[PDB]
Every structure is written in C-alpha cells, then in structure tokens.
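Novice: before I ask anything, here's the sequence and the deposited coordinates:
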Amino acid sequence: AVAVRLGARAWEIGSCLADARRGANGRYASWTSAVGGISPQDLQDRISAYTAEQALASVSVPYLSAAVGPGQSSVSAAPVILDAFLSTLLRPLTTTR
Amino acid sequence: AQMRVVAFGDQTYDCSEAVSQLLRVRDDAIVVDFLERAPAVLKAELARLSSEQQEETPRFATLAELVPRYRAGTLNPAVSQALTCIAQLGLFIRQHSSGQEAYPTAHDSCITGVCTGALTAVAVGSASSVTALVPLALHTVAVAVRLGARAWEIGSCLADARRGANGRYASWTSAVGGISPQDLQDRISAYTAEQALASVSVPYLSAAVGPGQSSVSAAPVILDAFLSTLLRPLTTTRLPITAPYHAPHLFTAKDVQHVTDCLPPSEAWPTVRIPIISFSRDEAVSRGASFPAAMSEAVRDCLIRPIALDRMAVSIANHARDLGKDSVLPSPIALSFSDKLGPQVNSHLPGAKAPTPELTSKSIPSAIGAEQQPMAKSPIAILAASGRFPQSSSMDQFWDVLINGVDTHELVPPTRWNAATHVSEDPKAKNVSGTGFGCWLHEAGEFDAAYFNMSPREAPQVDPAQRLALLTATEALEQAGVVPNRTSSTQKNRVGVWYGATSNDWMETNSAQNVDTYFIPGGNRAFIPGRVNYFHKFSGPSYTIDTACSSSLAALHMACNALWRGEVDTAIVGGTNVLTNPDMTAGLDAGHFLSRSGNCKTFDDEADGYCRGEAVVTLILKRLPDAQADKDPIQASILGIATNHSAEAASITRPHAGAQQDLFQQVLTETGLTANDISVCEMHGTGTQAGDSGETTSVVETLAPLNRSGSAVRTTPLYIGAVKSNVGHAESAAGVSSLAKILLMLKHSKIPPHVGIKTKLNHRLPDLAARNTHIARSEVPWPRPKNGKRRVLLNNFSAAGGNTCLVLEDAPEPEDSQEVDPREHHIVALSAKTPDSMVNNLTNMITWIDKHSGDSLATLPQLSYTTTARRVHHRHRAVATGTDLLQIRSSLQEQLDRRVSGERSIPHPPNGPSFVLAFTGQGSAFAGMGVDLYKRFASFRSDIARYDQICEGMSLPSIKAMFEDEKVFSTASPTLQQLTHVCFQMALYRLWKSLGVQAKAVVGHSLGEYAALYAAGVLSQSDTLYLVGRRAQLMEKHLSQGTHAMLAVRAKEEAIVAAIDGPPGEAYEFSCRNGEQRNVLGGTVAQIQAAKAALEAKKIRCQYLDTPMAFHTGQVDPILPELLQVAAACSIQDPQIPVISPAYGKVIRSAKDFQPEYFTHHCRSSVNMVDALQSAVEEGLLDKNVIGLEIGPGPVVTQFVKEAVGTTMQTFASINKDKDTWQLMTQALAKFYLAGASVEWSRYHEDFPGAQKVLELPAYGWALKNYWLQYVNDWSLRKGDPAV
C-alpha cells in the first residue's frame, strides 16, 4: 500500500510539472537517463552552466538524481528538458535511457 | 529468566473440541494447508493396514467424519492416535502462526509429552518455523498411525472383542488411587501367582501417576477380574485407552523398528535443537539426535517403557535450574490436569512466579483489503431479489399473499389451454389429464419490447420465461444499485449469469405452430441467460441448469462455486417456470404426482400430491466484502450449500431420508452451526404423506434432537413451513421462491401462518410438541435477536433423486456514517426510453415522495445519490432541484402536469452538448472566493496545496491562506491576487472537468488566457503559474501605483473618438474592446480625468476601475523584454482545442502562434474580444446551440460571448458573491443533464459520505404490451392421428 501511495504522489508531481506528449500513444516517457564518462561533480557543473545559460523555472531544471560510480551517474528531468540537455553532451560521453 | 514448556498430552485428553476448532479456522493459510494435507497422509497410511484392521476403519472424505465417531467411542486405536496427533500439531501451528507467537528456542523453551506427545515433541524440537514444521508434522502423523496399528494388532491378538461390545472399544487400562506403586505391584504379583495366568495376559503397571496413584493395564476381562479384587479405600477409574501400551513383555525392538519404517532414509534429516525432557527415560535431557532416531526413541517409550508421570515436574524444574532460570510458564496443548502443571513445576524452584501480560489488542491492523478471509468459503451476500408470483407482480404483493394466508390455486385459465376437453375426472382418452388446477401468472405475456431492443415480431416468439427473466434481472439490478463498469466488482467481464429451467413449452406447443426465424433463439433454454448476458453486455459465463424440481437451487450452488473460485465477482442467479404445454401436466398426473383436489396440503393427513405453480425469480449475489466495499443493500447471507443424490431409494422417483439427513448434517458441520442456531426451516414440503413424513423426521432429527430421557435439547422454539401451500410447486423456481419468502420474512420480522393443514395433522409425523417444534397456524413474531443473527435452513428436492440445501444468515448490522450532508441544494434525476415510461416514472416518484415525506433529513441527499450515481440514464430525461423534499415534489408535479397536458417528451440529441469555457479577468475577485469549494471538495484542496507548494518552490507568495483565512484579501498584493486568481481558475476548471465537462473551445480575457491556454493544453500548470508570477513580479518591481488608470465607457468607438479631443493612441489608449457598445480606455491620471470630463460633458456614462497598475497601455513597456525572456523558458505545445485569443483577435489552432512574441503582445496589446468572437462565429466554432461556462468569480465574459453569438444562447456561472455555490452548481448540472451530457455523478457525491445509501425506489415504469401465441384447435390431444 505504501508503495502504491508513493508512486501515485510522484506521478502527481510529475504530471503537474509537464504534459504527456502528443505522439505517446499510450506509452509513458522516461524521466531519467544514465550518463557515463563524466564525474558526478563535473556533470553537476555542466548542469549548472546549462541552467544559467538557458532560461528555466527552478522546478523544471534537470537535476543529478544519482551518483552511481566515479564516472557514471543518473540525471533526471522532464522528457523534453532531458532530451534538450542530453544532446548538449558530446563524445566520449555515453547516454542510456 | 522465565522458561516455557510446550507440553503435549496422551489419549486421555478429549480432543474432539480442538479438532472442531481447528476445522473451523479460516484466516490462517498454513493451518488450512496442514488440515488439508493431514487427511490425505492419514488415508494413505491406513490403506497400508492389515486385512483384519481395514474392515474396522470407516470411510471419511474429511476429518469432519471422525469427530462423531471419536465421541461415540467407535474409533479404532490407530485412527484415534492419529487424530490426537493431528489435533496437537494443529493447535501448536495455529498458536504459532495465526497467534503471532515467537517460535520456541533452545535458550528459553523446552518440549515435553506423554505417550503420544513424545512424537510431536520431537517433531517440534526438530523444526525452527511453522513452514519447516509442516512436513515433519505429516511424517509424525504417519508414524502415529503405524504405532496405533501395531498396538491394536498385538492387543487384538491377545484378546477377542467381547460379545457385548457393539461398536465401542473396551478400555485396556484404569487409574487406581489410594496405594503406592510399590504396593500395587505386590498386589499384581500376588494375584498373578494365585490366578496362574500366562505371562502375556498378566496385568501390568502401565504408569506411575503419583505417590498414591497409578495406572494399571490389562485386557478388558482380566482387567475387570483384577479390579473386582481391589477394595476400599482404594478408588478405580476407567480411562479411554483402547490398546495395550508400555508393555515390555509384549513389544520388542522389532515392533519399534517396524513402526518407524515409513520414514525413508536420508542424510538431510534435521536434528533436534529445542531440548526435549524425557522423564521416563534414564536421561531427562535429549538433544542432538536426528529426526528418525529420536522418533524411534519416542515410539520405544510409548510401547515398551512405563510412564514415569510422577517425575515430570521434578525433571522440568531441574532443566530450568540448569540454565539459571527461576520460573516456568507452562504452555500445555491438549494436556490433562494441565492447571496443576505450573504450580507443580514451580514448587521445586526458589520462586519468582509472576503473571503474564495482555494480548496487545489485535497487534496492528490489517491493510484495507487484507482484513477479509480468503475467497475460498466466504459468505455469499444477497443484494436484491425480484420476481413474478401468482396473483402478484412484486415481492411486496408476495408478502401480502403470504401473511394473509391465501390459497392462489385455481383452474387452468383459457389462455394456456382449455379445460372442458383437456381434463376429465376419469380420463378415458389419450393425453387427457385427471387434474386441471394450478397457480398461474396471468400477466406472463406482458413485455416492454422497445426497452430491450426487440422487434414487435421478434417478441411474440420469445419464450415468456426469457421475457420475464429479462424484466426481473433488470429490476433486481436496479434495486441492487449496480451499474456496469461502475466499480471493480461490476466490470462487464466479471458478471456471470446462472439460471434454472426445466421446460421449453413455448417451443413445443406455442411457437411450433408456425416455425420462423426466431424459433430457436426464442425457445432454446441457453438463451434465457444469453439474453441477460447480451443486453447488459456482460461477458462472463452463462449457464442453464436442469435438475428438475431443484434447478434453481442447483444453479444457485453453481454460482456460489464460481464466487468461491473467483471466476466471477458478481452473479445473477435466477429461476423460471411457465406452464403452457398440457402434455407435461398430463404426464405428471399419469405418473401420480399431482393432487386431484387442490393445492399442496403440506403436513395434512390427506396429502395426495402437489399443485403446479408458475413463478419467475432473479437474485443478485456477491461475496460479502465485495458488497461491503461497494456499499450495496445486503438482505441476507449464504453460509453454505451442498448436494447429493438419493441413490438408496426403493425406486427412481420416491425419496430417501437417510441421504437427506446426511446432507443436513454435512451442511451444518461445514457451516459450524449447532442445531439450536437455526430458527426456521423452509422445508421442501411437496404435500406427499410419505415424503412429508420422511422430510419432517430427517429435519427434526438434525435440528430437534431428542435426549435419551425423552426430553428436548432445543432451548428455543423451531418453526417449519412450506411455501407450496400458498403458491404451489414451481418445479424450477421452488428454491428461489422459498429464498424470496425467507428474505421477506427477514425483512418484516414475521413468520407467516400455515395454510396447508386443512383438516388434521398427519399421524405419521414425530411428536413435534415434545421436540419443541411448531407449525404456526397463525402469524408469529420473528424478531431479530439483539447483538445476534437469525439463521435458516432451506431444502429443495427433485423427482430424479437430487437433494440440495443451504444455510442462510442475517445480513451484518448496518453502520452508516450518520453524518450530515453540509450541502443545501440537491438534484433528483429521472430517465426513460419512452415518453410513457417518463410519465410513469414521474407519477411513481411523486407517490414515493408522498409516502416518504416525513422520514428524516438524510432522505433527500440519499435519494439524490440513488437517482444520480446508482442509475443508468436513458434518452428521455427529467430533473428537479430543491433544498427540501416538498420542493422536489412540487417541481416534479408541475413537470408531470406539463407532460400530461400534451407536452410530448423528445430524446436528447445523441452527441450531447458542446461547451465553451470563458475565463474571467482580475476584476471581480472578492474576499473568500472558493473557500466553500476548498472545504467541501478534496480534489480542490489537493490542487490548491499542490499549487501552493509549487509557487513557494519558485519564490512566490503562498496562496493557501487566501482559501483558509478570508482575512488576507484586504492586504493581498497584486501579484498575490493574480496568483490566487490563476490558481482558482485552474483548480475550478479541473474540478468541472472531473464532473464530465469537455471544452470545445476556450476564451480568456486579459488574465483568463493563461488558464484558458492550460485548458487548451498549450501550457502545463507549473508553466502557467511561473509565467503569471514572473509577469506580476516585473509589474510590481518596475511600475508604480496610481500613475495610470482605466475608464469603462458604454458607447461606440466612433462616438468616443469624435467626442474626445485629440487622436487615439496619443490622447488615450483603447485598452479593451469588449463589445459593440462597451469599451475600456486607459491612460495617465491627467489624461483619464480629462477624458472623463469630456465624455461626461456629452451625456455619456463612464465608470472608473480600481486597477493599481496599468494593462494594455504603455506603462508595461519597460518590462516587455524581460517578460519575453521568461516566455522563452516555458515549453509551448500544440493545443488540443482552438484557443480564441483576443490579443490577436483570432482563433489559434497551432503552436506556431504561441511564441514569446505572443506573450509580450498580449501584455502590451489590447483585448480585441469583438474580433476574436466574430472570427469564431464565422468559422462555425460558436453558435446558439453551444453552452457557455464561466471559469471565474463572476459571469462577465459569458456576457460578451452571449452578445456576440446571439440572444438565445444558454450561459451558466461557476461561482458568485450574491448566490450559493451549490445552488449554481446544481442548476448548471441539471441543465447539462437535460441537454444530454453524461455527468460523472459518482465523483459528485465522493466527498459526502452521508448520502451514500441505496433506497428502495419504485421500479421502472415498463410500457408493457401483450405479445402472446395462442394454443388453438386442441391438436396436442391428437399427437399421432391422421386427418380423420
């Protein structure tokens, strides 16, 4: 029961922060992506620079949701903003959905 | 520092009660599994017995058959030992699984047993959990069976069953008190030396129970002979041990090894971890041995060693004294004299004995949905029942005929078949019947075809059984208040439809006179439930059951099985019997089944058959938790049902009473109810002397046992009655008719009179008065016991030998919230598929109102709930609104007057209404707006809290106090005011959408565009909030209050331009263009005053506005750049519906027109409402048939839309300041419903529990018409003749 409630609350906040895509056709987008080849702090600095350059509401900026390893991490954001930020990352940085 | 002991007992303890308690357990999966697997292992081990011993073992399907034999003393030693072991293990498992007891551990617990508990002792000391214990427990059950069989074999070899046994098994031991063991041994030795007995038949000392008591064992005859030698003051007591045990002179290691040869060898056997106290053996402590080794030790102790029962306590205490403990907390299971165990053990210890704590309440609650009992063997709740009976058209008329004791039997009406040709007192012709009487339905051919999508020619060819099944199923579904797909349990694929039928007379005699396209589908019996599955779009099973005169009950059984297995969540169980084929009656008469004089004279001394009675009945069924969660009207519960066959009868037709008594005992045992719990018995009572007497004898024997002294065991009266004396024999619906009678009796708390007995009681029956059972000849009160339930037993038998019976229980105590619906105005909705049905519904509703005018206050909220959220709304519709019930009555009466006068009803258009959602600006925002909704709607409160959290996240003022305090509106800053306005608009739009409001277009006015954009899908909630907050922040930081102002002028623009001195754009600015004769100018204070003076000089009305800042003027110039940047941050997206933008004076349908340039132009440009509305009208988006909804604190924009579109366009307001919020909401919803909209009524009443209750509103006003095919020319009496 607790897990159901937690999922429902996270879903409420997420759906309030963004809208389902027009071409979703039932499937649910992904709010997270693993980034490899860059240290967690350097990726945080990249996020901060992207936020400063771009104009973003404080409740829509991408955030570092996990620090997996010394060269791997997980970054989360709304589908559109996550897609926009990920393309800013160039090789040899790896992105996984 | 307090040890515990798990002490098990021997066969002396009576374990039948424990067996029954364990069999009744329902809420423990592990206990149920153990009790299901133990009997199979026991039967498998019994199949491996000797030839002699297998003829002295009974056949049992379940352990519920060994309890009566265990009590009667007719159980052989093997089965008795196994049952003792099963009881002990089950009690331990139930205690330590359902009781949430910590499993014994080798540091705080010990085990102990005596001669049968030494097996369970090792079984429990080997495991570490209940799951790890079950298999060892089954192994131990097998070992116990073998041990008992071996002892029984030796005993039977040593002696013969005396000629005066007659089932019972004689005791082989007796307790002797008053003499020390060392002296009773000398007595035995002297008696042996004197009597000169064989060394194997000599009595022996089988136990040392104490310092002046012991137990001596021997064969019955020798035991009696030796006991007769014992004199006072020595006392002798006879124990129930039926085989020799503890005999070193009768058993050797060979027997011990044979007993334990059912355990296959392996190296995976567990050892024993919890120490076991073995007081009989040389060493008291036993730990480390494997499972089979310790099991063989236990068997050896039980067969070869004498019980040292005088050293158990001293042993246990010693163990406790070894570990340094100071007290013992005994935990005996099925032990005898257990109450003394604790004091006896603690007598040897220094002390410190202390009490024990409490159970700690239920020890945490169960999660919602986990508080139930498994679907297997759960009560089956009855939700509603409808039916057509003789001289009746409802259940209420059925009770009228019952309570008044009427005899409905009559001759055959001419509609079915003639009587001057089809009947004779002395039938001499073929197919002629000796009887002609029956209880008929004279409105069987009365159907509402159009309601069920049936052609006028398809209807006459449908069996009246199908038509009446459809009618009664629809009525019962309405009464239960269940709508397809309404909830989880009413999903269209979780609803099966079982039925019971036994004839197709319509096919045989009525529709076979001219075969046509609907012959097969009309007549076939599978279509009876097929039509119910099809029309209501139920996609679950659909069966018809034919067990002759028990079908309806048999079918019922089927449904329950499904409910118990999970195939369906809801069942529609019916039963129909319509008589139209004369040959069926002729053959029932030729077979000597029909009374030749009248109705069924049940219990009468002149009972000579039965009378056929037509009837149709339908019931709605669910599992009890399903009906409790859905808040359904529960009438009764079914606790159990079973079936068997009367195979041992002396013929195919006539019944047999032994099988009936077995069935009754089986259902009583499965339900766990004693004979006293049942209060009524609706007997089959067909009206046959032999059958009536046999059924009465079986019923009284089961429920009214007679004591050995000839008295009665019942402490309360018992009543027996038969429906068939009133309405007759249905032969397919008899069970459902009886169930309907029971439901009515439970409803009215009465027992009707009996009318079958006409002259005198039947002399074959038992003496009912002596048994405390009565046949009420006059109606009797049947009150429901306080804090209790009324339980009934129902039976139904068939001429084919099938017997069905069930047990009924009173529905639980209803506990409504009893809360007061805070609302003021309520709606009542009525619907129909025909104008005539609309009139009928209105008339019946006003009649119900008249009957229920003065009940209470909750009646109106509950009636609104029942009419809105628990009904299916057809095309023709009607609605009423009121604050009390009399207003509802008057409104509906006026509507009925209009309808009757000639105002024909028109169905609402198939598509329904189209809604344009107008959003209002920040003009009419007053104090305490939305507080009513914020308090009386949970979704609104959640949305407001979410918006508040979001806003506080992005550094914006909280908008929560604005919906709670109402004292903050005075100090509300412009940014706070605009944030509150936007949040209110969004929350209100979402609230209206959740009620079924779908916008075909959205138009805002200078602040409602943002919320209109969100409603269109361009922006998200967070984007809208951020954009509005940032715009307000810019306005507040840059601009200064008071510099500018705006003026509303009611005159054309041309006149305003001509009158004012100077050109537009420089002298002033057209801030808003709302209508042809409404405009708003904007400018500085000096310019505003000059324009006001100039305009008033020309006699034109002007009004001021209280806007602190300026909007749509030049004062917003120094903030446009930054705003643009902010507008770039958002994530614009294509809208689902057109956005009527006044900033561009257009109607946007693409994201190409929603760039940041748009969000600067809107701020700076003017509100060209007129152009935007004109463009929308030209495109055809807006017209008169559209309906406007104002999402804002006042209906201002809807006025502009009304002016633009025309003059006969309906418009509605969400809230206001001079009206009631719920009054407006009710008017809006009523007009939407009348338009043809599909309102989400269930969400309306969600937050008001007080109105959650289904009332027994009148039935649908069927526009019945007569579709009937007439049997003509008496051809059924010439089946085989030529045209002579």
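Specialist: It's in. Numbering: from 1, shown residues only, chains lettered A, B, ... in the order given.
Novice: number of nearby residues for residue A:42?
Specialist: The tally of other residues near residue A:42 (other Cβ atoms under 10 Å in any protein chain shown) stands at 12. Heads up, the C-betas are built off the backbone N, CA and C, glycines and all.
Novice: and the longest helix anywhere in chain A, which residues are buried?
Specialist: The residue-count maximum for a helix in chain A (DSSP state H) belongs to helix A:2-17. The neighbour-count criterion (16 or more other Cβ atoms under 10 Å in any protein chain shown) identifies A:16, A:17 as the buried residues of helix A:2-17.
Novice: which residue packs closest to the residue positioned nearest the centre of chain A, ignoring adjacent ones?
Specialist: Residue closest to the mean C-alpha point of chain A, counted by Cα atoms, centre = their mean, is residue A:76 at 2.1 Å. Distances taken as Cβ to Cβ, 6 or more residues apart in numbering or on different chains place residue A:65 nearest to residue A:76, at 3.9 Å, with adjacent residues excluded.
Novice: who touches that neighbour in this structure?
Specialist: Listed by Cβ atoms under 8 Å, 6 or more residues apart in numbering or on different chains, the contact partners of residue A:65 are A:32, A:74, A:75, A:76.
Novice: on that earlier part again, ok, now which ones touch the residue nearest to the centre of chain A?
Specialist: Residue A:76 is in contact with A:31, A:32, A:33, A:62, A:63, A:65, A:82, counting by Cβ under 8 Å, 6+ apart.
Novice: and for the fourth one, the neighbour number?
Specialist: Applying other Cβ under 10 Å, we find 21 other residues in the vicinity of residue A:62.
Novice: got a list of what the closest residue to it other than its chain neighbours touches?
Specialist: Among residues not flanking residue A:62 along the chain, residue A:77 sits closest, at 3.6 Å (Cβ to Cβ, 6+ apart). Residues near residue A:77 by Cβ under 8 Å, 6+ apart: A:31, A:60, A:61, A:62, A:63, A:85.
Novice: the first one against residue A:83, yeah?
Specialist: No. The pair residue A:31 / residue A:83 is not scored as a contact, 11.1 Å apart, by Cβ atoms under 8 Å.
Novice: which one's more surrounded, those two?
Specialist: residue A:31 (17 against 14).
Novice: what about the residue in chain A positioned nearest to chain B, neighbour count?
Specialist: Of all residues in chain A, the one sitting closest to chain B is residue A:55 (3.8 Å; Cβ to the nearest Cβ). Residue A:55 has 14 neighbouring residues, counting by other Cβ under 10 Å.
Novice: which helix or which strand is home to it?
Specialist: Here residue A:55 is covered by no helix or strand, with elements defined by DSSP states H and E.
Novice: ok, for the residue of chain A positioned farthest from its centre, nearest residue in space, not its chain neighbours?
Specialist: For chain A, the residue at maximal distance from the C-alpha centroid (Cα atoms, centre = their mean) is residue A:1, at 27.0 Å. Closest residue in space to residue A:1, ignoring its immediate chain neighbours: residue B:367 at 5.1 Å, by Cβ to Cβ, 6+ apart.
Novice: residue A:34 is in what secondary structure piece?
Specialist: Assigned by DSSP H and E, residue A:34 belongs to strand A:32-36.
Novice: for that strand, packing partners?
Specialist: strand A:72-76, helix A:79-87, strand A:94-96 (3 or more Cβ pairs under 8 Å, 6 or more residues apart in numbering or on different chains; DSSP states H and E).
Novice: which neighbours does the shortest one have in its sheet, and in what orientation?
Specialist: So that's strand A:94-96. Sheet pairing for strand A:94-96, assigned by DSSP bridges, gives strand A:32-36 (antiparallel).
Novice: got the contact list for the strand it pairs with?
Specialist: A:43, A:65, A:68, A:71-76, A:82, A:86, A:89, A:93-97.
Novice: just the buried members of those residues?
Specialist: A:43, A:72, A:73, A:74, A:75, A:82, A:86, A:89.
Novice: packing partners of the helix or strand just after the strand holding residue A:34?
Specialist: Once the chain leaves strand A:32-36, the next helix or strand it forms, by DSSP H and E, is helix A:40-53. Contacts defined by 3+ Cβ pairs under 8 Å, 6+ apart place helix A:40-53 against strand A:63-66, strand A:72-76.
Novice: quick revisit: who's in contact with the residue of chain A closest to chain B?
Specialist: B:1125, B:1126, B:1128, B:1129.
Novice: switch to 6 Å and redo it
Specialist: By Cβ atoms under 6 Å, 6 or more residues apart in numbering or on different chains, residue A:55 lies in contact with B:1125, B:1128, B:1129.
Novice: how distant is stretch A:18-31 from the center of its chain?
Specialist: Put simply, stretch A:18-31 sits 15 Å off its chain's centre (Cα atoms, centre = their mean, to the nearest Å).
Novice: would residue A:25 count as being in a helix?
Specialist: No. Secondary structure of residue A:25 (DSSP: H, G, I helix; E, B strand; the rest coil): coil, not part of a helix.
Novice: what is the neighbour count of it?
Specialist: Neighbours of residue A:25 (other Cβ under 10 Å): 6.
Novice: do the same with residue A:57
Specialist: 22.
Novice: tell me which element it falls in.
Specialist: Short version, using DSSP H and E: residue A:57 is in no helix or strand.
Novice: now it. Its backbone dihedrals?
Specialist: With angles defined as degrees, to the nearest 10, residue A:57 shows backbone torsions of phi -70, psi 150.
Novice: now do the same contact list for it.
Specialist: B:954, B:1026, B:1129.
Novice: swap the cut-off to 7 Å and go again
Specialist: Taking Cβ atoms under 7 Å, 6 or more residues apart in numbering or on different chains as the criterion, residue A:57 is in contact with B:954, B:1022, B:1026, B:1129.
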